[PDB]
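In the order they appear, the protein sequences are chains A and B.
Mapped onto the deposited numbering, the consecutive letters of the first sequence carry residue numbers 3 to 413, 431 to 462.
Mapped onto the deposited numbering, the consecutive letters of the second sequence carry residue numbers 7 to 394, 431 to 461.
Ideal Cβ placement from N, Cα and C applies to all residues, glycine included.
What follows is a short report on a single structure.
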Amino acid sequence: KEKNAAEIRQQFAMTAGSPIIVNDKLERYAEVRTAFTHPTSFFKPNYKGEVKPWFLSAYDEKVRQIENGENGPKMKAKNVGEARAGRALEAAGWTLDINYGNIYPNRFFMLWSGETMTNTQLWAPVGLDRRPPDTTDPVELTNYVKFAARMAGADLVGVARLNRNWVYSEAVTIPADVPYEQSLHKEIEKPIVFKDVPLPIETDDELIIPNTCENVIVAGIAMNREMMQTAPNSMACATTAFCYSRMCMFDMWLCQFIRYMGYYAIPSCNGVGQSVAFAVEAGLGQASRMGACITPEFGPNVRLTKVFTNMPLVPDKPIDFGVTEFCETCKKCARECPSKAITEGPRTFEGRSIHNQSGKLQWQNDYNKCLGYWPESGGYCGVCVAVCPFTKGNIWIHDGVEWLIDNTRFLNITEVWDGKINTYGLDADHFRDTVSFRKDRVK
Amino acid sequence: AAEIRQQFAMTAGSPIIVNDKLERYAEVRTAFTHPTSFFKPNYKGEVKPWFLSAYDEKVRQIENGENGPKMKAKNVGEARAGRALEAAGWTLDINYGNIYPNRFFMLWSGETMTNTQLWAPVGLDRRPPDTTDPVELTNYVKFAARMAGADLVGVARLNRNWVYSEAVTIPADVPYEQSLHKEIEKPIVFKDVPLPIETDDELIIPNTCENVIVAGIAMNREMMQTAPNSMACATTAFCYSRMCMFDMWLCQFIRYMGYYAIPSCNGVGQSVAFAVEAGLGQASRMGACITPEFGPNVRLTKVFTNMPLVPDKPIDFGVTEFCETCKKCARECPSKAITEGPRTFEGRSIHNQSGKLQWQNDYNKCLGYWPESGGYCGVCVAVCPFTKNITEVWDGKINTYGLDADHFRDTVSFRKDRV
Ligand SMILES: Oc1ccc(Cl)cc1
Ligand SMILES: Oc1ccc(Cl)cc1
Ligand code: SF4
Ligand code: SF4
Ligand code: SF4
Ligand code: SF4
């Protein structure tokens with residue numbers, strides 16, 4: 003029986019309701035606390051023992067590896083030139099992304115209004131962004147916006163009511179008068195608040211999200227299987243990097259579509275809020291031991307972005323295809339983790355350290371150990387994504403009645436350069452899994 | 007499809023036949039920019055810049071619940087959605103085509119880019135090439151091209167005949183909001199310089215700039231087949247932003263490999279000529295490069311570089327003789343812009359480059375239909391055999443970037459087909 007992603011998602015759809023279990027310890031999380039930004043984790047030694055901002059220490063190891071003809075830690079490349087090309091590809095992938103993740107809200111690519119964008123100015127005479135909506139039916143809007151999402155480069159798209167618990171209490175950002183070359187040295191915190199205002203707006207003191215901002219649209223941006231399996235080496239960094247620029251194009255494309263439909267839209271990429279939680283509530287997949295959203299189509303080998311809007315939409319249903327029960331007995335990522343950051347124990351409500359948000363049932367991982375391995379290996383690792391059985395494209399079987407997971411799955432870089440590739444690193448042998456008709460965009 | 011292309015490979019050599027009259031072409035001559043063709047009346051009779059008259063028609067259609075010229079939409083909401091999708095698709099494109107060289111997204115050096123600054127400590131762009139082998143480099147840069155969103159990619163030696171003699175651009179310090187009012191003409195010249203450079207007077211391409219990399223960027227068949235209505239505009243627009251992201255992605259990669267790279271999108275030179283010389287496809291009667299995978303329903307962009315590379319072979323799979331007897335685009339063209347006669351060396355008007363053997367088309371008649379229809383037409387692309431209502435499109439099949447899984451296997455690539 004030919005693999006049917008729409009059948010699979012229908013079979014495992016849940017009934018409405020956020021699936022994330024929480025208790026009263028839960029409060030919104032200040033984005034400064036992520037290991038990338040918090041002062042307790044931000045500094046790491048390089049290979050000479052010099053303590054630097056982690057990404058500068060990682061740079062030192064990238065340079066070292068190229069000079070020694072390596073594609074990763076102790077991993078010899080075919081020659082220096084191949085070591086060079088992998089890092090060149092990686093660096094180029096980030097072309098449309100600011101400071102590793104586009105996290106500063108209402109700066110650069112992440113503008114909360116379209117009014118200053120070159121494309122909005124060019125189209126101003128048509129007035130699409132000033133004309134009131136001609137569609138208010140959530141059903142038709144869900145079909146329109148999901149079609150646009152797919153055009154905008156999403157391999158998966160889902161809708162959920164916006165749960166403010168996952169919105170950062172305060173954002174990391176920079177002052178509006180600071181130019182790019184100073185951005186890394188002038189980062190600040192700024193509260194994200196919800197107020198009774200008509201449009202998203204930023205004051206000197208606050209990022210203000212309107213109380214009418216009802217919905218969140220979550221996009222899955224698929225990474226390349228062959229490149230990710232080279233984790234923690236350079237080609238895994240490259241597919242990661244290219245997908246961040248894909249995320250950026252997505253947010254901007256979709257926000258402009260939403261505005262031109264007569265609503266407002268907030269982009270985010272890696273900022274504003276926690277993408278895994280939004281993705282779970284929008285039904286893209288389930289939370290996992292490693293901490294990522296695992297999807298039926300790609301496993302965890304998919305990046306996430308999201309857009310916030312007041313456009314009426316029909317929320318999608320959450321999905322339960324057994325990931326919690328497989329993670330409970332699998333532990334492959336925990337055992338392969340080069341830094342031992344992923345726990346082998348049970349889910350709790352108690353954060354392991356400042357980097358976890360306490361008050362939600364989840365596997366609690368030590369994300370400072372994880373970041374610690376990035377300067378050491380000179381990349382973004384990804385070994386956990388690479389070894390997860392759900393990242394295999396072969397995991398689904400049909401028994402003549404229904405779909406199930408094959409339990410048997412839970413029991431070099433020259434060839435990547437020389438081997439299969441296709442547009443955006445997508446795989447034509449699986450590209451049918453994300454074909455979409457109206458019946459699977461809205462019900 | 008990888009076997010079809012080698013089956014139809016020609017011997018080396020540009021397949022574009024020229025005579026002793028051919029001269030490089032001033033970009034200002036195109037119908038989009040030339041003063042003889044730039045102004046067009048709107049439906050009220052008011053004479054305006056053509057795209058502004060076209061705006062007026064889009065507004066009138068939305069108010070009247072139309073997806074195109076006297077093409078009724080399901081309702082006003084649907085009419086609004088098509089135009090909203092078209093407008094959004096242009097987000098990463100400056101003034102319809104990114105033609106101004108070394109401006110906005112089309113920077114001829116990576117040095118001021120945020121990505122380059124962030125990565126400056128690694129020094130990939132300052133470091134001499136570690137690979138000078140054109141065979142390895144051709145495999146690397148084509149892999150990168152596919153990552154960067156190209157559905158097709160080819161290499162050719164740079165034929166300077168198809169580089170514009172003078173570019174349309176703006177002065178460097180002019181803010182975006184004045185750009186449309188302050189466009190100027192600027193010579194593109196080749197000189198013995200290390201790097202691509204712009205002075206007050208000239209865009210200077212180095213004489214070392216040996217090669218051009220041509221990308222094909224596939225458009226959605228269902229959407230294009232609504233030409234000349236709004237969904238054909240939307241797939242046109244979205245692919246222009248894909249072109250821009252391709253140019254920047256690939257230029258950055260080529261720069262981080264130790265070479266220089268010039269983006270262009272719709273600027274700098276004539277895409278169709280470059281695509282034929284790079285083996286992507288064959289010139290056609292409508293004027294487009296017809297490819298075996300997509301026919302003409304594919305956009306083009308290109309990057310120029312001194313990176314050593316193995317040129318591809320031009321391809322002959324019978325387009326010229328098929329166009330010789332087909333004439334379907336000529337008969338369907340709403341403006342009678344496409345000729346039904348033979349190919350000549352003599353342009354029909356100022357918008358053609360004379361001196362090369364091609365079907366000569368009147369591109370001002372084409373442009374005139376765009377304000378009238380409120381779109382970018384595309385009927386020729388839609389009806390062309392090689393290429394094979432709006433509610434059903436909005437309700438029907440779609441996939442990432444508007445690509446089609448029933449055909450996506452045809453652009454799978456391995457090293458054997460890359461070099
Ligand atoms: O998710 C991320 C964020 C930063 C970096 Cl360098 C890599 C991946
Ligand atoms: O090729 C082009 C150029 C400009 C426009 Cl408006 C549409 C298509
Ligand atoms: S490797 Fe196993 S335990 Fe880890 S996320 Fe994947 S399925 Fe869950
Ligand atoms: S990215 Fe690497 S270090 Fe981090 S949790 Fe995954 S396997 Fe461990
Ligand atoms: S775009 Fe339309 S008007 Fe122009 S040549 Fe093609 S069919 Fe004719
Ligand atoms: S419609 Fe016919 S004549 Fe026109 S370009 Fe296509 S094949 Fe050639």
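Item	Value
Give me the Cα-Cα distance between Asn217/A and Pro317/A, rounded to the nearest whole angstrom.	8 Å
So if I threshold CB-CB distances at 7 Å, which residues from the stretch 352-376 of chain B count as touching chain A?	none
Closer than 9 Å, Cβ to Cβ, to anything on chain B: give me those residues from the stretch 55-85 of chain A, in chain order.	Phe57, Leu58, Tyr61, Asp62, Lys64, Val65, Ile68, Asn81, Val82, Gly83, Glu84, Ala85
Strictly under 9 Å for the Cβ-Cβ distance: is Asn303/A near chain B by that measure?	no
Among residues of its own chain, excluding the 5 on either side of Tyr266/B, which ones have a beta-carbon nearer than 7 Å to its beta-carbon?	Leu201, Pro202, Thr311, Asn312
Are there any heavy atoms of ligand 1 lying less than 8 Å away from the beta-carbon of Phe244/B, as far as the coordinates show?	no
For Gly395/A, which residues of its own chain have a beta-carbon under 7 Å away from its beta-carbon, when the five flanking residues on both sides are left out?	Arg227, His449
Please name the residue, chosen from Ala343/B, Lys362/B, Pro193/B, that lies closest to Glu352/B on a Cα-to-Cα basis.	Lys362/B
Taking 9 Å as the CB-CB limit, is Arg35/A close to chain B?	no
Which residues of the stretch 273-296 of chain A have a Cβ closer than 7 Å to any Cβ of chain B? Give them in chain order.	none
Listed in chain order, which residues of the stretch 97-118 of chain B have Cβ atoms closer than 7 Å to some Cβ of chain A?	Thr97, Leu98, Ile100, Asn101
Closer than 9 Å, CB to CB, is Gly160/B near chain A or not?	no
Measuring only between beta-carbons, confirm whether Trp398/A sits less than 9 Å from chain B.	no
Taking a Cβ distance cut-off of 9 Å, strictly less, list which residues of the stretch 184-204 of chain A are near chain B, in chain order.	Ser185, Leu186
Applying a beta-carbon distance threshold of less than 9 Å, which residues of chain A neighbour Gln258/B?	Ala90, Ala93, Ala94, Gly95, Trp96, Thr97
Is the stretch 388-406 of chain A touching the stretch 71-84 of chain A in the sense that three or more CB pairs, one from each, lie closer than 8 Å?	no
Taking the continuous beta strand (DSSP E) assigned at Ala343/B, which residues delimit it?	Neither: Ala343/B is in no beta strand (DSSP E) and is coded neither H nor E.
Quick one: what's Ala238/B bridged to in DSSP?	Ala238/B is not bridged to any residue.
If we call anything under 9 Å between Cβ atoms a contact, is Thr442/A one with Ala8/B?	no
Given a cut-off of 9 Å, decide if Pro75/A and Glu378/A are closer than it, judged by their beta-carbon atoms.	yes
Assuming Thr232/A and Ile432/A form a contact by the criterion Cβ under 8 Å, report the distance between their Cβ atoms to the nearest whole angstrom.	6 Å
If the cut is a Cβ gap below 9 Å, which residues of chain A does residue 397/B touch?	The residue list of chain B ends a segment at 394 and starts the next at 431, so residue 397/B has no coordinates to report.
Of all the CB atoms in chain A, is at least one closer than 9 Å to the CB of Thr232/B?	no
Please confirm whether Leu130/B and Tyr102/A have their CB atoms less than 9 Å apart.	no
Below 8 Å, is the gap between the Cβ of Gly301/A and the nearest heavy atom of ligand 3?	yes
Got a sec: does ligand 3 put a non-hydrogen atom nearer than 8 Å to the Cβ of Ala336/A?	yes
Whole angstroms is fine: what's the gap from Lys308/B's alpha carbon to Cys257/B's?	10 Å
Do the stretch 128-143 of chain A and the stretch 289-299 of chain B touch if we need at least three Cβ pairs shorter than 8 Å?	no
Alpha carbons only, please: which of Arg86/B, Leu164/B, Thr120/B, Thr122/B is nearest the one belonging to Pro134/A?	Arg86/B
Does the count of Cβ pairs from the stretch 234-253 of chain B and the stretch 368-383 of chain B closer than 8 Å reach three?	yes
Closest Cβ-Cβ distance between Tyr31/B and chain A: below 9 Å?	no
Can you round the beta-carbon distance between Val385/B and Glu338/B to whole angstroms, since I take them to be within the 8 Å contact cut?	5 Å
Between the alpha carbons of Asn81/B and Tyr61/B, how many angstroms are there, rounded?	19 Å
Between which residues of its own chain and residue 425/A is the CB-CB distance below 6 Å, once the five residues before and five after are set aside?	Any question about the placement of residue 425/A has no answer from these coordinates, since chain A jumps from 413 to 431.
What are the start and end residues of each continuous alpha helix (DSSP H) run of 4 or more residues lying completely inside the stretch 54-81 of chain B, in chain order?	56-69
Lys319/A: which of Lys3/A, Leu164/A, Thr17/A sits nearest, CA to CA?	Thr17/A
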